[PDB]
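When we count neighbours, we look across all protein chains shown, and the Cβ atoms used for this are built from the backbone with ideal geometry, even at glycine. Basis: the model, the stated rules and, where named, an outside source; none is laboratory data.
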Amino acid sequence: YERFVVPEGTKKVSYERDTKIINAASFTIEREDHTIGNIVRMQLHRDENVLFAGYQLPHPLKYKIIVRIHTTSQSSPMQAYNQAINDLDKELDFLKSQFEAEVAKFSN
Amino acid sequence: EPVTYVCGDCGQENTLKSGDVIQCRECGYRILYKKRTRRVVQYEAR
Amino acid sequence: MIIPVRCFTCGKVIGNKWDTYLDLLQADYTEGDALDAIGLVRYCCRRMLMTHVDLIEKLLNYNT
Amino acid sequence: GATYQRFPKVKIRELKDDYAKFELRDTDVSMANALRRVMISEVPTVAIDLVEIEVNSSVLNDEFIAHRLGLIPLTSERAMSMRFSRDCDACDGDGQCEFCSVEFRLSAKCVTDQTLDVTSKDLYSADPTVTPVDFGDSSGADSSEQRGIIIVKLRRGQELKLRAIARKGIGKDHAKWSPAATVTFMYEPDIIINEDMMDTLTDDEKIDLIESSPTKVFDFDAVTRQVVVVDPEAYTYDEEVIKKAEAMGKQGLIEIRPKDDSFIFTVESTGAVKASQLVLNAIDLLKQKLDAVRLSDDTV
Amino acid sequence: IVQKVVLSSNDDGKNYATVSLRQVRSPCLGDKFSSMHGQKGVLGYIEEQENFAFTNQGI
Ligand SMILES: [Zn+2]
Ligand SMILES: [Zn+2]
Ligand SMILES: [Zn+2]
C-alpha cells in the first residue's frame with residue numbers, strides 16, 4: 001500500500017551538501033530501516049579516509065533513514081558512499097557463490 | 001425471494017405478510033426469526 | 001475454539017497436530033513425552049498446545 | 001577504489017528440506033542481522049488475500065473462517081517471478097490472472113451423522129500444480145497427521161461454499177506472508193580454560209563447578225582427573241559457571257569470550273519455500289535493495 | 001454486519017423487533033490490558049517483529 005516504495009514526485013535518495021563543515025553531506029534515504037543503514041555504516045568504518053559514519057531515524061514510526069558522512073581530503077562523501085555500496089554488492093556476490101557451492105555437497 | 005420468516009421451535013417457514021399479531025401459524029409461539037437469502041459477501045482475510 | 005494455525009510467537013504451523021496430540025495422551029503418554037513425540041522443541045508452541053481450550057463440541061451440540 | 005572488502009566463508013553442518021545450519025564466518029554482525037531480517041520480513045510468498053462467501057451455515061462466523069484461510073501456507077516457488085497486484089496492468093476483474101491472483105474453490109456439506117470436518121485438503125485450486133495448498137506437513141513426512149489443517153467442523157444442515165483468491169505479499173504487510181517460522185543465529189564462544197589453576201582446587205570442587213552448568217558444556221574426565229570442554233556450542237551466555245568460580249574465589253580459572261566472527265545460523269521454514277531457496281532469495285533481495293539506492297548518475 | 005433479525009410480540013400484540021450487528025476488532029493503540037496481579041496498563045506502541053530482542057532459540 002502507501003507504506004511501501006516511494007511514490008511519484010519524490011526521489012529515492014535525496015542528497016544534501018552540509019554548509020558549515022567541509023567534506024560533509026547528509027544522505028536522506030527513503031523507504032528503509034536498520035537493515036541497509038547498519039550494513040552501510042559498518043562498511044564505511046572499514047575505510048581509511050572516512051571520519052564519521054552514522055544513521056538515525058527521525059521518528060521511529062516513519063520509514064526512512066538519514067545517513068551522515070564526514071570524510072577527509074583525497075575523497076568525498078560521494079566517493080566513499082559509492083565505494084561502500086559497490087563493495088557490499090561484491091561481498092553478496094562472493095557469498096552467493098560460496099552458498100551455491102556448499103549446497104552441491106549434498107549431492108543427489 | 002420473499003421474506004420467508006422461520007419460527008424458533010417449529011422450524012417451519014410461515015412467509016409472513018403485512019403486520020398481523022406476531023404468532024407462528026400451526027402453533028401459538030411467537031418467535032419468528034428471519035431467513036438468510038442467497039447472496040455474496042466480500043471479506044479480506046486479515 | 002478450534003486449534004489456531006501458526007503458533008502466535010514464532011510461527012510454526014501447529015494447526016494439524018491436535019488429533020495426534022489427543023491420541024498420544026489417550027494411549028498412555030504424559031504431556032512432556034507427547035510434545036517430545038510430536039517434535040515441538042521451543043516452549044512457545046508447547047504453551048500453545050498445552051493450554052488450548054476446545055469449545056467447538058459444546059457449540060455443535062447446542063444448535064438445533 | 002581500493003579493496004575494502006572482507007571475504008565470507010560458508011560451511012554447512014546439516015541440511016534437510018525445511019532446515020539448515022551453516023557456520024558463516026569472516027563477516028560482520030550487521031550482515032548476519034541483515035540476512036535474518038530479510039528472511040523474516042522481506043522475502044515474498046503467495047497466500048490467500050480475498051474471500052467471497054456464498055453460503056455459511058456453520059457455528060463459526062465469516063471472519064473466523066477467512067482468518068483461518070489466510071494463514072494456510074501455499075507453496076510459493078513462482079512468487080519471486082510474480083508481481084505485486086498493485087503493479088499489474090490486467091486483472092481488474094476480481095478474479096483469476098496469470099502473473100498474480102490465483103483462484104481457489106471450496107465446497108463441503110455433511111449428510112451423515114458423523115461430524116464432518118473441513119480440512120485444508122478440500123481447497124481445490126485453479127491454475128493447478130504451481131500454487132496448491134501445502135502437503136509436505138501431511139505426505140512426504142510422517143510428522144503428525146495427514147488430515148491437515150482443520151478449518152470448520154460440520155453437522156447435517158450445514159454447508160460452506162466460498163471462493164478464495166491468493167495474491168503476493170511480504171511479511172511487513174501481514175504475518176501470513178512471512179515464510180520464516182524460525183530464523184536465528186548465535187555467536188560461538190572461545191573458552192580458554194586454565195590448567196595451572198585447575199590442578200590446584202580439589203576433586204569435590206571440580207565435580208561441583210561442573211555441576212553448576214545448566215547445559216552440558218564441560219565433562220569430567222575421571223581417568224586423568226581433569227576436565228574437558230566437549231561442546232562449546234551449547235553455551236548460552238549466562239555466566240553461572242564463572243560466577244560460581246567467583247564465589248569459590250578461584251580467579252583466572254576459566255574465561256569465556258565471544259568471537260567476533262563465526263555466526264552459526266539455524267534456519268527453518270513453513271514449507272512454502274525450501275531453506276536454501278530462502279537464503280538465496282535473501283541475497284538477491286539485498287542486491288536489489290543495494291542497487292536501488294545508488295547516486296551513480298551525478299558524480300559531482 | 002447484520003447477524004440476525006428477531007421479531008417477537010407480547011400478549012396485547014406489542015410487537016417487538018431485534019436486530020444484531022457484528023464486528024471484529026483487533027486491539028488498537030489505546031486499549032487496556034492487565035496481568036493476574038492488578039498490574040494494568042495501556043497498549044501504547046505496537047512494534048514489528050524483527051526489532052525485538054531474540055534469544056538463541058529465536059523466541
Ligand atoms: Zn411456530
Ligand atoms: Zn517457535
Ligand atoms: Zn493481473
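Looking at D:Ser276, D:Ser296, D:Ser262, can you tell me which residue is of a type outside the set (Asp, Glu), under 29 Å from the mean Cα position of the chain (by Cα) and either crowded, with 18+ Cβ neighbours inside 10 Å or over 24 Å from E:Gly58 (Cβ atoms) (or both)? Let's see the steps before the verdict.
Details: D:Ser296 fails: under 29 Å from the mean Cα position of the chain (by Cα); D:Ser262 fails: either crowded, with 18+ Cβ neighbours inside 10 Å or over 24 Å from E:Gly58 (Cβ atoms) (or both).
So the residue among D:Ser276, D:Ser296, D:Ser262 that is of a type outside the set (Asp, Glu), under 29 Å from the mean Cα position of the chain (by Cα) and either crowded, with 18+ Cβ neighbours inside 10 Å or over 24 Å from E:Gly58 (Cβ atoms) (or both) is D:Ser276.
Do we have any residue at all in segment D:71-83 that's closer than 30 Å to E:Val2 by Cα, in the same structural domain as D:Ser120 (by CATH), touching a residue at least 24 places away in the same chain (Cβ under 8 Å) and buried (at least 18 other Cβ atoms within 10 Å of the Cβ)?
Step one: filter segment D:71-83 for residues closer than 30 Å to E:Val2 by Cα, giving D:71-72.
This time we only want the ones that are in the same structural domain as D:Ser120 (by CATH), so: D:71-72.
This time we only want the ones that are touching a residue at least 24 places away in the same chain (Cβ under 8 Å), so: D:71-72.
Next, only the ones that are buried (at least 18 other Cβ atoms within 10 Å of the Cβ) stay: D:71-72.
Yes, that holds for at least one residue.
Filter segment D:36-91 for residues that are aliphatic (A, V, I, L, M) and within 16 Å of ligand 2 (Cβ to nearest atom); which is farthest from D:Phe265 (Cα to Cα)? Spell out how you get there, then give the answer.
Of all residues in segment D:36-91, those aliphatic (A, V, I, L, M) come to D:38-40, D:43, D:46-48, D:50-51, D:53, D:55, D:59-60, D:65-66, D:69, D:71-72, D:74, D:79-80, D:82, D:90.
Remaining after also requiring within 16 Å of ligand 2 (Cβ to nearest atom): D:39-40, D:71.
Numbers: D:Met39: 12, D:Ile40: 13, D:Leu71: 26 Å.
Top of the filtered list is D:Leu71.
Take the residues in segment D:189-218 that are surrounded by 16 or more Cβ atoms within 10 Å (Cβ to Cβ) and not hydrophobic (A, V, I, L, M, F, W, C); name whichever of them is farthest from C:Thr9 (Cα to Cα).
Filtering segment D:189-218 for residues that are surrounded by 16 or more Cβ atoms within 10 Å (Cβ to Cβ) and not hydrophobic (A, V, I, L, M, F, W, C), the one farthest from C:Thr9 (Cα to Cα) comes out as D:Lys206.
Tell me, yes or no, whether segment C:24-38 has at least one residue that is free of Cβ contacts under 8 Å to residues at least 40 places away in the same chain and within 14 Å of ligand 2 (Cβ to nearest atom). Talk me through it step by step, then tell me what you get.
Step one: list which residues in segment C:24-38 are free of Cβ contacts under 8 Å to residues at least 40 places away in the same chain, which gives C:24-38.
Among the residues that remain, those that are also within 14 Å of ligand 2 (Cβ to nearest atom) are: C:35, C:38.
Yes, because at least one residue in segment C:24-38 is free of Cβ contacts under 8 Å to residues at least 40 places away in the same chain and within 14 Å of ligand 2 (Cβ to nearest atom).
Quick check on segment C:7-29. Is at least one of its residues among the small types (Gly, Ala, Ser), surrounded by 14 or more Cβ atoms within 10 Å (Cβ to Cβ) and either touching an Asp or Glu at 6+ places or on another chain (Cβ under 6 Å) or more than 10 Å from chain D (Cβ to nearest Cβ) (or both)? Break it down into steps so the answer makes sense when it comes.
So in segment C:7-29, the residues among the small types (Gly, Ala, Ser) come out as C:11, C:15, C:27.
This time we only want the ones that are surrounded by 14 or more Cβ atoms within 10 Å (Cβ to Cβ), so: C:11, C:15.
In the following step, the residues that additionally are either touching an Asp or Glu at 6+ places or on another chain (Cβ under 6 Å) or more than 10 Å from chain D (Cβ to nearest Cβ) (or both) were identified as none.
Looking through segment C:7-29, none of the residues is among the small types (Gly, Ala, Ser), surrounded by 14 or more Cβ atoms within 10 Å (Cβ to Cβ) and either touching an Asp or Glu at 6+ places or on another chain (Cβ under 6 Å) or more than 10 Å from chain D (Cβ to nearest Cβ) (or both).
For segment B:12-43, give me each residue that is at the interface with another protein chain (Cβ under 9 Å from one of its Cβ atoms) and either within 8 Å of ligand 1 (Cβ to nearest atom) or surrounded by 13 or more Cβ atoms within 10 Å (Cβ to Cβ) (or both).
B:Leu16, B:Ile22, B:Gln23, B:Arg30, B:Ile31, B:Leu32, B:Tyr33, B:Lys34, B:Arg36, B:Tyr43
When C:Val5 is evaluated against the numbered criteria (1) in contact (Cβ under 8 Å) with a residue 24 or more places away in the chain; (2) closer than 22 Å to D:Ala181 by Cα; (3) β-branched (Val, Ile, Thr), which criterion, by number, is the only one it fails?
C:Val5 satisfies every listed condition except (1).
In segment B:10-21, what residues are among the β-branched types (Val, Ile, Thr) and touching a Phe, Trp or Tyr at 6+ places or on another chain (Cβ under 8 Å)? If you could, list the steps in order and put the result at the bottom.
The first filter runs over segment B:10-21 and keeps only residues among the β-branched types (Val, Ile, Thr), leaving B:15, B:21.
Passing the criteria: only B:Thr15.
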